[PDB]
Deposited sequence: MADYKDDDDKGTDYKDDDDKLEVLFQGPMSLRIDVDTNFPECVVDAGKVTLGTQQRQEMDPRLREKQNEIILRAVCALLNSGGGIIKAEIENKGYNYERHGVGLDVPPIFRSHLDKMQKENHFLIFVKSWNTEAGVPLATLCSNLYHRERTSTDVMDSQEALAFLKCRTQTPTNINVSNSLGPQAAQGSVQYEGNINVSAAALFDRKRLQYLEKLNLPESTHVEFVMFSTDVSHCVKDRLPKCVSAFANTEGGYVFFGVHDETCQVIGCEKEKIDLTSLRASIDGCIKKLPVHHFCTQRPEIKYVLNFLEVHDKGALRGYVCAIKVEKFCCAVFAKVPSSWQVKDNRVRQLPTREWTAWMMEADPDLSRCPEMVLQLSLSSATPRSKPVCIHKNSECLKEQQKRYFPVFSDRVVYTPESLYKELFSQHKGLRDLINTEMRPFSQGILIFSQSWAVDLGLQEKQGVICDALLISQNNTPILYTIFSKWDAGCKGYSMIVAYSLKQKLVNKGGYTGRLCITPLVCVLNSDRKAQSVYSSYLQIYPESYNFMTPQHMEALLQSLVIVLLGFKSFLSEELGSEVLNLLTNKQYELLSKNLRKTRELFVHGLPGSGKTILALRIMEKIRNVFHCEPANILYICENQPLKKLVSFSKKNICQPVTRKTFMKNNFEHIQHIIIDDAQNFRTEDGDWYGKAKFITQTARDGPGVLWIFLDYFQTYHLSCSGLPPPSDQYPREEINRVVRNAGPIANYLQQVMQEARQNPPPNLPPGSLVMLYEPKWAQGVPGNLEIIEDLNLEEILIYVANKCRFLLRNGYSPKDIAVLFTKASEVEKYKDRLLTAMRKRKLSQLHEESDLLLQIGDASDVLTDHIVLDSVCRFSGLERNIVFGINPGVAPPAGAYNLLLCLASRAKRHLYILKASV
């Protein structure tokens, strides 16, 4: 497996190698290879069901395959069929995967939980719903023993002990060691998860007759060694404090025949473990570092129980995107009770009514049309066929996500239109070799933010097109309702207004929040048009929540470095919260070290709460305006979040 963005689709094109398709062709080939390819494809599907959906290519080995005649041939878990959409190109099978929709409670998509469990007679793996319930419940035999201590066991002595919740008979295979190592994780996991029961290797399970193995190949020493190894190597988890170890006991019940010993019956007694025990790491995957990565048992078990954090501590908050109706990688979104919900923000920033085609930014489309001549003609030409939708403009859409603005890009237009794929229009003053690259990367990052961060469950593709002002998805991906583009815009409001809140990242895992109208206004303002601004006093964290994003914008637009964005803030909690952040935004230095040091290379400066600047320290405004105006490249930006 790998991850390829080189494909025309602006998505996560997992290259799953070459498969051999066709049901009959599946039946008439190597079953080992069939299972290998099926497992690889399901690996890729489980990877894309978490990461945010994408594509799976496959170089078909079958010459003359046809998706209408020969079928597919893939054996797929039943829950992994509501998401896959298959397709064929002349020599490439494609499988388009949407998100996971956190359907039926389970947060992430799992192939198999590998949390075995023993029912009345059989050891079955807990499905994802059972495993989630089982973790949620652990977080919040005298007769078989008498048999266990028995010394003499004669051949074919029919045991009075029947298979039950606490016993299990497993006959010996050809290789006793290989078979016991293959079966021990299973039964040990089963017993530890359940009330805890014994297991006897070497005795038939239905007739319950002592058989054992021949002594010529078995060695009790190496057997016990391998058993304790493969029993302590089991990936376990622990919701408790002591963190004990798997407390088992092993015994070799003797085996006699006509008064002559001929083998043993490996009797293993596993006690009820206080925490979950796996047979190996869960078979769940994701796409990380642009490759496939198996979620670690600790992260798997802390993700399956990543319930929406209890907002009972702060009864003033209100939840708006629960993780029970979102994607795997989404986070909840709480808003103050008085601040507007997600629905009002959607209907205010991106209205939807089918009588015409409107523009989300009236002032951005207007100023762009009053400045550039011909932009109005190009937009009215491209926007002519579509009758219902909304065209949204942004001085450069790559910046509103977090990417890096390019040179020679007039503006970016996204059109949300029902009954057709949403279309991204990127308008260039001049054609070059970066048109396609920039458009595809902006569209790909936009879809990723809409799915992962925004939490869009249904199918979503953003079609990128470039126009110099001077592929094909299946029918499923084409919108079909006016009640799903409403979901797309309720997710876009989150993508363009969501920030990782600081108030509640102590209240749980992590909880996003929504900027007000004034903060998004002051953020959307063009920097290359306004390199100097004095902001009215912002109540509460106004300036901080805004500055932490204005600095990312400053780094992206001006191609500046984090080391050239000075952040002059006084309060020490602000200093630690901004500096010790993992993203390395700026250099928070107080007013004292501001005027007690020389900044030779600082280009952009953002000041916080100039109301506390003492005059005896020095006339800060002159020095600041000097160091910005005389910056290395051009007049630097100067934002003073005074009150």
(message) Give me the ranges of the deposited sequence that have no CA atoms here, in sequence order.
(response) 1-30, 171-196, 527-539, 713-919
